[PDB]
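Student: I have a structure here, written as structure tokens, and I will follow up with some questions on it.
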Amino acid sequence: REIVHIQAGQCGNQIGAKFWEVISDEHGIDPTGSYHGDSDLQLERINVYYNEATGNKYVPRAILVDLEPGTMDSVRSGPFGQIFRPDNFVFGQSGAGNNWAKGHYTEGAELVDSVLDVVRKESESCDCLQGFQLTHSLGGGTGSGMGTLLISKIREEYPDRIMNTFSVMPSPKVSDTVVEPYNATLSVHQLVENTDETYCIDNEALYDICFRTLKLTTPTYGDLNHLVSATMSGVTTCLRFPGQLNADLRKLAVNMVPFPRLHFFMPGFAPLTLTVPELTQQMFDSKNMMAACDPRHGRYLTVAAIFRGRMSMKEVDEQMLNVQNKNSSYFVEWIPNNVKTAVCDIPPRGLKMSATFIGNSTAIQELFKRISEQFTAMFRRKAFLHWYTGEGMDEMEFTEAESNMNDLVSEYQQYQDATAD
Amino acid sequence: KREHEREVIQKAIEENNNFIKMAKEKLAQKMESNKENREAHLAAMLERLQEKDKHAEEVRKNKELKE
Amino acid sequence: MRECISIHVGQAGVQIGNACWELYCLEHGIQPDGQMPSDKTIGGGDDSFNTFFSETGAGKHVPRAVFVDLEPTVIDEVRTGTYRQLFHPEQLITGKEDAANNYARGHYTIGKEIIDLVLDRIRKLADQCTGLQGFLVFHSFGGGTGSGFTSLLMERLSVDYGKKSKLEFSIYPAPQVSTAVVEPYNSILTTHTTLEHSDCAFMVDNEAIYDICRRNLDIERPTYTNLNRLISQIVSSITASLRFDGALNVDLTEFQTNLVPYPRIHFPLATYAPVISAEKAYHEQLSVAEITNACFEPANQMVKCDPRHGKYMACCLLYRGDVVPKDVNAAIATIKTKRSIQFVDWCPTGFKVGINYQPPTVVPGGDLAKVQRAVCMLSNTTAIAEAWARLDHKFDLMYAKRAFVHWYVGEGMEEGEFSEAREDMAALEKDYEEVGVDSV
Ligand SMILES: Nc1nc2c(ncn2[C@@H]2O[C@H](COP(=O)(O)OP(=O)(O)OP(=O)(O)O)[C@@H](O)[C@H]2O)c(=O)[nH]1
Ligand SMILES: Nc1nc2c(ncn2[C@@H]2O[C@H](COP(=O)(O)OP(=O)(O)O)[C@@H](O)[C@H]2O)c(=O)[nH]1
Ligand SMILES: [Ca+2]
Ligand SMILES: [Mg+2]
């Protein structure tokens, strides 16, 4: 049944706004919240993301959070600003300052109770809550710190509900802030313990796709978010339309997560703006991944593929087998039948057919290794720590966060090197 | 023979009644043990989250005494 | 008299139930509203079709059925569909939250909340029965509800109804139409817990039914509707013994007597013929000899195994339609000389035949052709242990690394239950060896 969306910080509210832009378009919901669509095979599972207010109005089950009021006001003036319920906007006064400690412990802790009041109001109205999804970044302050605090706080009141998340990773290519490896490593510490299924949206991968593949010398956030919105639409297709396979967040978690800590996925998408072999060949390719990791450098524990558009289901079964059989080295032998596939007749906007990829590869360690270097290069000489230790933290937490993320890398390596006998 | 005939039908009733009784006690013990285990996991999950909240209070209080 | 109560658990169970009861209605001449012009006795009676249908004073023929699922969407289609008036709403039981392909959620967490309600509705059907013969339980091995809740139900039905008969129609998992990675766990857990509480169990490999639909009916990519309609024909052939009565129609319990030599060895291999398209059916008079020969070709089996590399402990032939004993005896004589039919030395090598003169119907606008005669072979062979071996091997690969185990442990289960269930499968695999091996 119901999923409660949350968007935290500048990044989280922008990609969240673009997510609600695209899925409202797919379900045939205009900015006034009115249904004007052609198919019913749009309203069947509309209640997963929308509430039915009086006048046949469809309002997103979305909660907009930020310590900065500026980024939230830009959402209300955007294309789908008025569709959101006005009470769900939970704005702060101070601002983040790109500090995880301010987001997690002090200034974000001031605001966290007023967010929970909206969450509890939305969750009480649900017939059967699946769980929650948080769109946010790990580099900044609000989305990084307060987002992980919200997860911990919501886990406390809803311990048997799913908590997935769409975590945007930092990169030197896109971002200029130097403290982001601290913020990311501190956030990853929390996500390892308190989330069921994280989609790793890497800004390095989105830059490289925009620069190399899409061929853009000047890649804006709008160019990056076009890929993210298309990815987010793809991975939630089985949740949003009447489908056989992985219709809820728990079933996806049961299929994709063999071990509790290893729940950090590698999303993929094709085509990047066309036959089924070409779609299948593109979606598994390293250049179509939204995490900057080569899957040839590791092994797939579990995979989920979502094909969209009218196509031969016979052909989809063959091509998904042909890539599996002829690349069997890159799938663990000790999880048989680990690649599941779903079909959906309704394609995305513009495309005739598309394919979305969700992969729990061991090669995701490359992402966490890259963050660990950028963390350690600064942390060896205790650089920029007065920002955090002034806020009330101590060097234990950084030592713990470093060690906990390096354990995650060792665990991904441990099961990569694992064998049948 | 009549005494043996009564012994057979009673033994048949004994087998059914023991099967019902053994099935009931196996299930009752399984559902009780499972209830205890699931509640123990949610206890440890919230006891972890409260230790995070206790630690979070020791950051607010620690910033208070750094001036 | 001789009433049978069918129980349909989870997705697969309900949707096969949809196919089965639709097919039964067409065979008996029961309309979608429950009316039956053939039936002159209004309000009740003791006809053979009344073993599966209770009757109301208004002339409605209500299935002796209970539909159960932990989420509503599949049973909502029964409430909305063509045969919505056929059922009383109390027979159709639904929850909100499903078992998420988890035996633990289906058996313990979610199942406990609805189990008492389901047993109340089964009791209300049982009180209508002058005499209750037993239950037919329809479920999947792979699903959370299908595995978990069925195991809970089968345990509770043993307590409430004692030694009363309990038959299973079980959907064995296949990767072509699979829904979860953890289906081997759910299969081994449900098989272990249900083994003592089931008197006979008809396994149905989706891979076998899927391949038959592709090979015989020439269907590119068979849907669940394609599988279920084929599966309903085998279920109909097996249950035709209870629902009709000729002189050669032998009761289901009389087959049980032959099919189950030891309590644990109660998994008959079912084979069916002819499966043929309407395009091809046109002007091929399929004789008794041809359809009986097809029962020993392993392409037409419901479980993928090799009886040739195994040993028969029983072999029953359930014919229906235009068949006489003279043609059956001639075909069996022809087959006995030509085929590999090796029996164990402790059992007689005869073939138990039953004939049911009412011919097989098909759903209009179906893929399956209307044929004048058909057969379903039920055989207790040691080769069906190959099905356990394939399933136990997939368990071993994942369980060795404790893959996906935390999902079960998080819902209250222990690692003890896994190894205890697996040892029972190892014992069962060993039992099938012991019965097959030659004697002192
Ligand atoms: N033959 C056949 N098999 C089915 C059908 N529906 C599902 N299955 C099989 O059942 C297995 C999955 O279990 P389901 O029965 O869908 O799950 P469930 O029992 O509803 O349990 P939850 O969904 O977890 O509550 C898969 O291996 C499917 O191939 C059907 O209509 N026919
Ligand atoms: N992909 C993407 N990344 C963003 C966007 N906005 C900010 N970011 C990233 O988020 C990080 C900074 O977090 P931000 O959300 O601005 O801080 P907060 O508002 O305090 O949470 C940087 O690494 C940015 O690259 C966006 O619209 N798209
Ligand atoms: Ca009658
Ligand atoms: Mg289901």
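No value in this document is a laboratory result; all are computed from the given coordinates. Cβ: placed from backbone, ideal geometry, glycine included. Neighbour counts: every protein chain shown.
Student: Where is the GNM fluctuation largest for chain C (alpha-carbon springs, 10 angstrom cutoff): C:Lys166, C:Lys304, C:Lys96?
Tutor: Looking only at C:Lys166, C:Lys304, C:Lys96, the largest GNM fluctuation is found for C:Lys96.
Student: Hey, got a sec? Which trypsin sites (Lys or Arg not before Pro) in the range C:31-75 land in a DSSP loop and have at most 13 other Cβ atoms within 10 Å?
Tutor: Those that pass, being in a loop and sparsely packed, are C:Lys40.
Student: Under the rule a/c < 1.5 gives rounded, and otherwise a/b versus b/c splits prolate from oblate, where does the range A:1-258 land using the Cα gyration tensor? Numbers along the way, then the final one.
Tutor: Numbers: a/c = 1.38, a/b = 1.21, b/c = 1.14.
Rounded, because the longest to shortest axis ratio a/c is under 1.5.
Student: By the gyration tensor of its Cα atoms, with a ≥ b ≥ c the square roots of the eigenvalues, what is the shape of the range A:124-265: rounded for a/c under 1.5, prolate for a/b over b/c, or oblate? Show your work: numbers first, answer last.
Tutor: Numbers: a/c = 2.15, a/b = 1.36, b/c = 1.58.
Taking the square roots of the gyration eigenvalues as a ≥ b ≥ c, the range A:124-265 is oblate.
Student: May I pose another question? Quick check on chain C: helices-only [θ] at 222 nm, where DSSP H runs of length 4 and up contribute -39,500 (n - 2.57) each and the sum goes over total residues. Nearest 500, please.
Tutor: It comes out at -12500 deg cm²/dmol, rounded to the nearest 500.
Student: Taking a ≥ b ≥ c as the square roots of the eigenvalues of the Cα gyration tensor of the range C:1-268, is the shape rounded (a/c under 1.5), prolate (a/b larger than b/c) or oblate?
Tutor: rounded
Student: Would you compute, from DSSP H runs of 4+ residues alone, the mean residue ellipticity of chain A at 222 nm, taking -39500 (n - 2.57) per run and dividing by the full residue count, rounded to the nearest 500? Working shown, then result.
Tutor: Values: 15 runs with 173 residues, N = 421.
Calculated at 222 nm, the ellipticity per residue is -12500 deg cm²/dmol.
Student: Per-residue Cβ counts within 10 Å, from other chains only, averaged over C:401-411: what number is that?
Tutor: For this peptide, the per-residue mean of nearby foreign Cβ atoms is 6.
Student: Another question, then. Taking chain B as the reference, fit the longest principal axis to its C-alpha atoms, fit the long axis of helix B:2-64 to the helix C-alpha atoms, and give the angle between the two in degrees, 0 to 90, nearest 10.
Tutor: 0 degrees
Student: Turning to a different aspect of this structure: For the residue pair A:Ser34 and C:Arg79, what label-to-label distance in nm results when each label sits 7 Å from Cα along the Cα-to-beta-carbon direction?
Tutor: The modelled label-to-label distance comes out at 3.1 nm.
Student: Follow-up question, since we're still on this one. Run through the range C:218-291 and list the GluC sites (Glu not before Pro) located in a DSSP loop whose Cβ has at most 13 other Cβ atoms within 10 Å.
Tutor: On the way: sites: C:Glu220, C:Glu254, C:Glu279, C:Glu284, C:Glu290; in loops: C:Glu220, C:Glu284.
For GluC sites (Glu not before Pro) across the range C:218-291 that sit outside H, G, I, E and B with at most 13 neighbouring Cβ atoms in 10 Å, the list reads C:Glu220, C:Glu284.
Student: Using mean Cβ contacts within 10 Å as the protection proxy, how do C:350-358, C:116-124 order, highest first?
Tutor: C:350-358, C:116-124
Student: Next question, about the same structure. Hey, can you grab everything whose amide H is under 5 Å from the amide H of C:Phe343? Only 5+ residues off in sequence or another chain; H modelled, so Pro and N-termini drop out.
Tutor: Result for C:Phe343 returns C:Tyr312.
Student: Given the pairs C:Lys60/C:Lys124; C:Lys166/C:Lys304; A:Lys326/C:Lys304, which are separated by over 20 angstrom at their Cα positions?
Tutor: Violating the 20 Å Cα-Cα cut-off are C:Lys166/C:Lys304; A:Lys326/C:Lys304.
Student: Another question, then. Which entries in A:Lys382/B:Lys61; B:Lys26/C:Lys163; C:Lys112/C:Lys401 show an alpha-carbon gap greater than 19 Å?
Tutor: In this structure, A:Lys382/B:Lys61; C:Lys112/C:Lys401 lie more than 19 Å apart at Cα.
Student: Moving on. Quick one: work out the % antiparallel among DSSP beta bridges in chain A, nearest 5.
Tutor: If I count the DSSP bridges inside chain A, around 40 percent turn out antiparallel.
Student: Taking the alpha-carbon centroid of each part, what is the distance from the range A:260-303 to the range C:313-334 in angstrom?
Tutor: 56 Å
Student: Take peptide A:240-246, look around each residue's Cβ out to 10 angstrom, count Cβ atoms belonging to other protein chains, and average those counts.
Tutor: Taking all residues of A:240-246 together, the mean is 2.
Student: Per residue of C:94-106, what is the mean number of Cβ atoms on other protein chains within 10 angstrom of that residue's Cβ?
Tutor: Across C:94-106, the average partner-chain Cβ count within 10 Å equals 3.
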